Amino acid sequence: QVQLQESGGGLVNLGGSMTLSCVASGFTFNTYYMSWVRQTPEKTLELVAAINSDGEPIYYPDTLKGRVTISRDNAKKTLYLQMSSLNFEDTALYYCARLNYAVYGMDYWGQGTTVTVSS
């Protein structure tokens, strides 16, 4: 069974930073492209970042360029997301999702980790 478990969310002050982790099990993590999708209170879903199996970012939205970093530690089977200068809009449920070659999109999703931005 494919497992994804995010961690690192919590309360952040306006303009602070966040570092999220997602540890993977049940699959060969090093051969899969990965992504971070955030879900707002409104349940809207938005792609935050994507990375290849090689550790190279393949996507960042321009609404966050300069404040986000997606990384992976293949040996630790962990995916990371760094975000700085958090604003009120960064408040969301952050999910890590595995990228499937046949779907050309997300297959499995973690449980998500919540980031709450406070003034």
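Residue indices: 1-based, along the sequence shown.
For the segment pair 64 to 72 and 80 to 88, the entry gives 64 to 72 the higher mean B-factor, averaged over Cα atoms. Between 10 to 18 and 105 to 113, the higher mean Cα B-factor belongs to 10 to 18. Sorting the modelled residues of the chain by their CA temperature factor places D54 in the middle third. Ranked against the other modelled residues of its chain, the C-alpha B-factor of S35 as given in the entry falls in the lowest third.
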